[PDB]
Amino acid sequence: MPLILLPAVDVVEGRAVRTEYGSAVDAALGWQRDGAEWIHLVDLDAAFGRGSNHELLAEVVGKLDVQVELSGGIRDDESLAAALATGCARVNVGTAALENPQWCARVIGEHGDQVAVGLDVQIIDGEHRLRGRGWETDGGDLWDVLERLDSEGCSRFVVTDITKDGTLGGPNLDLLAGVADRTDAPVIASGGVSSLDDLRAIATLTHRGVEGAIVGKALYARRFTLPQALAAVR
């Protein structure tokens, strides 16, 4: 199977942020039109705990035909309830959720494939720590947590290097490899794609566990179009 591409629509104040703003419905519909397998839909306000865009996010999901991965501040019963209640295929439980490790284990049993766990990674003196984007504190060691979630039956991981996210500086192929080598759960890469060559680079890891790649900035920078990226990975 070819690498999956998930175009990213990040919502702030009820508009898609790309610094330019515009309709989030339209952005997602346009990506689906260009032939998106999935949309990665993000409530940035909810991720930073600063606001909420559920009602708008529920609209976006209801209007699309394609698979939607929902993400942003998904951290507890209420936040997980509203996310699943949009009818999205998948929700992305944020790194910040790891503050309550048993909540994570409990919701993994309850929801199974509907749940992915976000791993936002920062190398600190060589060490792979977890530090949620939008979160104020450290969330533990990557490998200790990846192992724990793998034995708890985690169905998929979303792996970000917080230092490459939105930077167009290339992905962290060491991190993508390291994670995937350590688990049979599908891995979705997020952050730092600059080119079609990066996609192709990510695609080489499909075989050891990287099924997909989320792309935001390189699409809005017009570095490549979606059908181009779809071609290159096939």
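In case it trips you up, residue 1 is the first one in the sequence shown, and so on.
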Residues with no coordinates between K217 and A218, taken from the deposited sequence as a class:
none
Tell me which stretch has the larger mean Cα B-factor in this entry, 65-73 or 197-205.
197-205
Please compare 174-182 with 48-56 and name the stretch with the higher mean C-alpha B-factor in the deposited structure.
174-182
Per the coordinate record, which of the options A231, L5, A8, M1 holds the highest CA temperature factor?
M1
Using only the C-alpha B-factors in the record, can you name which of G118, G134, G139, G126 has the highest?
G126
Based on the deposited C-alpha B factors for this chain, I'd like to know if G87 is in the lowest, middle or highest third.
middle
Sorting by Cα B-factor within the chain, modelled residues only, which third would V12 end up in: lowest, middle or highest?
middle
Taking the entry's C-alpha B-factors for this chain, is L149 in the lowest, middle or highest third?
highest
Relative to the other modelled residues in the chain, which third contains the C-alpha temperature factor of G35: lowest, middle or highest?
middle
Test of reading the entry: by CA B factor among the chain's modelled residues, which third contains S155?
middle
